[PDB]
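Written below as structure tokens is the structure these notes are about.
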Amino acid sequence: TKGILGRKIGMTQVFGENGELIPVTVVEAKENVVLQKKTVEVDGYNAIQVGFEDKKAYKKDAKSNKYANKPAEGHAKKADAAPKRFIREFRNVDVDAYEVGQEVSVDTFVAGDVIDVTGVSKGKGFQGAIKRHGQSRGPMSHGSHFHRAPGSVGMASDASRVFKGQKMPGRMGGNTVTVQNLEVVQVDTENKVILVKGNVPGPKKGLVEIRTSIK
Amino acid sequence: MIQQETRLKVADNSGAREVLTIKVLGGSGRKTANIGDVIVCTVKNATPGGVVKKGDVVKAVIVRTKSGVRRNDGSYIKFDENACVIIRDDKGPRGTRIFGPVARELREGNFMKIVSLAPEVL
Amino acid sequence: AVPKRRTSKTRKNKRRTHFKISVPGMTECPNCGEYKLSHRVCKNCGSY
Amino acid sequence: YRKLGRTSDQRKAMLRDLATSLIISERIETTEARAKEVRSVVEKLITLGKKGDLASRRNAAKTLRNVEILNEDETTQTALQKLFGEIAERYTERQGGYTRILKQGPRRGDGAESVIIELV
Amino acid sequence: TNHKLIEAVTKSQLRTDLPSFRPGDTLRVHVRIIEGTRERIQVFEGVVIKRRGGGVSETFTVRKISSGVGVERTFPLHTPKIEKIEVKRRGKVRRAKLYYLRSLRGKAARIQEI
RNA sequence: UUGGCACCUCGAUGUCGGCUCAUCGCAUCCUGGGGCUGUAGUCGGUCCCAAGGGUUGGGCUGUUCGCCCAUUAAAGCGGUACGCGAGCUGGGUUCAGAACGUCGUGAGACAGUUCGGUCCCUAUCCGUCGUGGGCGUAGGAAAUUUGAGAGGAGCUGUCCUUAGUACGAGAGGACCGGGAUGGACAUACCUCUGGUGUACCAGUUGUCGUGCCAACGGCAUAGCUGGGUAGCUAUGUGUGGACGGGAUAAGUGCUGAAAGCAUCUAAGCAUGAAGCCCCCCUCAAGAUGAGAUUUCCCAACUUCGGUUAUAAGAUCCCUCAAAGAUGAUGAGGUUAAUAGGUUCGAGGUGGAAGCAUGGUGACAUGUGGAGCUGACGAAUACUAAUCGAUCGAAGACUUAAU
């Protein structure tokens, strides 16, 4: 139950009972609609899909993504809706609720719900082994020429190859990751925000997936 | 942050003036300590007389780190030196004349005797 | 450090199949002149 | 901001000598990255000229080099006097802009994107 | 509207009771301490060393010398566990961060009035 | 392991330890489950099952080793060219110097000491870590997904209750349960604490310059010094391991013959572990078996050979960053807020210049939270995202239902 889409606004803090400071990630979970209901009788699995942030309609000479194209008009026309930038399926929800076209508002969560927040990472670029992985660097003095290299990559001639999973350098990367068992502390209905306790992955104005905890 | 081989002032009349840490007891691999953490330590500068003497290996609790502790209300506390009280392996001290301010965060570590023998606790 | 084997004529030509070059902008200058590079102002033989 | 392949002082000295010469001749030919960066320099320096008070006269001389223009009828004004006197009178109604960048072809020795930056 | 959301959501938890001070000023912070017994209030008189970044995360820092041992103490400015702040004495400083007092002890760490 | 043998390598298979990075066995060091006990309890002992995960920091020695101080739930044992030097050090040792002991008439020698003593390589292929292009997936597109599979995770202490109960003469002291918290680790993030912050602010030394005063400017590591936004960051904040299902190991049984009995097994039927399979987290239709859903697009010329154009859709190009080596990715491209500028902020610095007053002065005070402010926020078309160009489908047969 209880999935929603938003985007990271930033990070603040809130005081609670007996003055306890608790860190807070403001998520603007605005203008989410139920956009297609999926059934096991048609697809094999039960889910809805929620479109998050509406963008401008079809324009003939459109050269960028903020004007929808003709497949995204007709897809968001089968629901009485505007075309959305982000579209995600939620299959933990109950499919027998959520009529197609429902504005799934921000007051589906109450202060104190446990949730999972899914987002991409920041993305750091090409990084080395002691930054991409938590590797111990070599000594910076005493004659050494090994500082921030990876170490040995194998054994000599039994295993005359490098095994995969070696943890070599490359792209640190914005990949999807969930932080689990976060709390909702404050739902502002008029501002359409959620204050989730802690930090969620991604940069600012990113995209989150707040759904309830499977644990 | 108090690790192995940090010199700490000794904050009572247990017989020691300076002490250096051997290990931070607790778990395995435990690197640092703050207020309320018991450390095992050898005294380096000792008062002539008293109880402990130079080269004894004593257990002792951290009071008032220089990199102090954070509280639940988002409050902080920091001190100008690292100090230390030699204890007597039941969370009770050796001396009766504990010097200097003690952080509040060792009331909940059952060091109530160290609090009562101290000046104003903050 | 050194190549253990020579590369053949076949393996060399498979490597440099992406060693190419692209055709440039080539937009007409509607006032006067020949083709200008796209989004550029002309200098010679054109009125952009 | 861009580093332009130079040190913090080599970039600073390059960027205020390139902004002074775009006050002298009012259109100069540079590379594309060096014109993206002197764009924000000279537009912040015409903003000081539209003020015209003594406090920002002192601030435009932080940047401008001591270059003397030979004007018509053999009269000589400095680049500080020409900034508050001629450019400041041209753009006293306009709320921004003050420059444009017209791209050109690559150079011969490099593939450096030539650019005319003008003063509009 | 991005920009109001940091402000308009955390606005109802910011305070208004607090006086106006700056670094150099002597304060009497009336922090309240709640153990399992009662809601006792302890006063912390010190000199403001630091006031940093704004919002509901405004944070000040006062400095006291207790038993020959200097004590830094740092509060969120809008926390509901400061019952009262009194400005005891003003101070003539010329910095915003008074970190040089950490190495000055005794009469050398003296800050004038007004 | 010490050897034995002399098979590979002397037109070179180059170095003992240590470091970095590991990986694999189980004859198990800790944690899991059992049997027996000369097991009261608490502790143990011994044996069996089990590799999931974990398995410290110092002192001395070049040391492997070993001793020792501290800890720890435990500080496992081995294999991988006594793992790993085209990854690193070079202390150890086979180099030239020199010295002692000893031996030799001697030159010298020892495998005895002692001091000193150059560590080459731009990665072709395989392999690995990332990342694009091509083509295929029987129309072409846009979007959401299924998961065949693969990978990651997996550790554990302490305390409180049960309960001073069971047990015990006492001393002591439980299982089972419940709860609290940690350590180590792995992640995400910059709100806090901090770090950095070389186009931010201020102070200040020397010298040169802007005619001079005053204000500035250059150089002196950014001249130094005090701070500091954005961003990146941990030592800072957050979470995580869990449960819970199946099937089992050792074991424990029930029923039950064969063999009138007995019998855990033969037929049956149970129960039983950090293990196994899920559960959890990622990645995944190049999953050539190329999956599925939703939406969009629909051509004629024409030995239809192909061409001409094009659809939906893209792309070139241009403005950019939440992205990045590149390119990809994402935000935009005038019906435009994409970037700059401008305007207003936020935060930062701490009171600008000029003027006035006071002081003989150095300087103070007022004007005035003043000026200034790189990346942050909002507004604004002022400037630039021009005109353009390129690519892109026409839906094959076969049979079966209809």
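Protein chains in written order, with our numbering: chain A, 8 to 222; chain B, 911 to 1032; chain C, 11 to 58; chain D, 584 to 703; chain E, 8 to 121. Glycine included, every Cβ here is placed at the ideal spot set by N, Cα and C.
Neighbours of D:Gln687 across chain C, judged by C-beta separation under 7 Å: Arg50, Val51 and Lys53. Judged by beta-carbon spacing, A:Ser220 lies beyond the 9 Å limit of A:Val113, meaning their Cβ atoms are not closer than that value. For a Cβ distance threshold of 9 Å, nothing in chain B lies close to E:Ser19: the least Cβ distance comes to about 18 Å.
Contact between B:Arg1014 and B:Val1031 holds: CB atoms are separated by about 6 Å, below the 8 Å threshold. Just measuring C-alpha positions, the residue of C:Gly56, C:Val51 and C:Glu38 sitting nearest D:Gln687 is C:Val51. Per the C-alpha coordinates, the member of D:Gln593, D:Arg589, D:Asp600 and D:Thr614 positioned closest to D:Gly692 is D:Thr614. Taking 9 Å as the CB threshold, D:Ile699 lines the interface with chain C. Close CB contacts of D:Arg648 within its chain, under the 8 Å cut and outside five residues either way in sequence, are with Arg599, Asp600, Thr603 and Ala662 (chain order). Proximity of the segment 47 to 59 of chain A to the segment 13 to 31 of chain E falls short of the contact definition, fewer than three beta-carbon pairs being nearer than 8 Å. A direct Cα-to-Cα measurement between D:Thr682 and D:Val703 gives close to 5 Å. Between A:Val40 and A:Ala88 the beta-carbon gap is near 5 Å, inside 8 Å, which marks them as a contact.
According to the DSSP secondary-structure assignment, B:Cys951 is paired through a beta bridge with B:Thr931 and B:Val968.
For A:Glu27, the chain B residues whose Cβ falls inside 7 Å of its Cβ are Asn982 and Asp983, in order along the chain. The beta carbons of E:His85 and A:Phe22 sit closer together than 9 Å. If you draw a straight line from the Cα of D:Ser697 to the Cα of D:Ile606, it is about 19 Å long.
In this structure, D:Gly632 lies near D:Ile670, with their beta-carbon atoms less than 9 Å apart. Around the C-beta of B:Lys988, 16 or more other C-beta atoms lie within 10 Å, and the residue is accordingly described as buried. Runs of the alpha helix (DSSP H) spanning 4 or more residues and lying entirely within the segment 647 to 683 of chain D occur at 662 to 665, in chain order. Taking 8 Å as the upper bound for CB-CB distance, A:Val111 and A:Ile11 are in contact here, some 6 Å apart. With its beta carbon at least 9 Å from every one in chain E, B:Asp922 lies outside the interface. Within the segment 13 to 44 of chain A, the residues whose Cβ lies closer than 7 Å to some Cβ of chain E are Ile16, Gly17, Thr19, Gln20, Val21, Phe22, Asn25, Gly26, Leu28, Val33 and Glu35, listed in chain order. As a beta-bridge residue in DSSP terms, B:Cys994 pairs with B:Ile972. At a cut-off of 9 Å between beta carbons, E:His37 makes no contact with chain A.
Annotation: the continuous alpha helix (DSSP H) that includes D:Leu601 extends over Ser591 to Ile607. Looking at the DSSP output, E:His37 bridges to E:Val50 and E:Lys91. Short of 7 Å from the beta carbon of B:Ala1028, and not among the five residues preceding or following it, lie these beta carbons of its own chain, in chain order: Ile1008 and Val1012. Listed along chain E, the residues sitting closer than 7 Å to B:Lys988 by beta-carbon distance are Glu79.
With contacts defined by Cβ atoms closer than 9 Å, B:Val953 and B:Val920 form a contacting pair.
Secondary structure of B:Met1022 (DSSP, three-state): helix.
Along the length of the segment 107 to 190 of chain A, whole alpha helix (DSSP H) runs at least 4 residues long occupy 136 to 139, reported in chain order.
Within chain E, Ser74 have C-beta atoms less than 8 Å from the C-beta of B:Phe1009, given in sequence order.
Here DSSP, grouped into helix, strand and coil, assigns E:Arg96 to strand. Contact with chain A is found for E:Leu12, since one of that chain's Cβ atoms lies less than 9 Å from the residue's Cβ. Within the model, the alpha-carbon separation for A:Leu189 versus A:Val203 is close to 7 Å. Taking C-alpha positions only, A:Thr183 is separated from E:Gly62 by approximately 31 Å.
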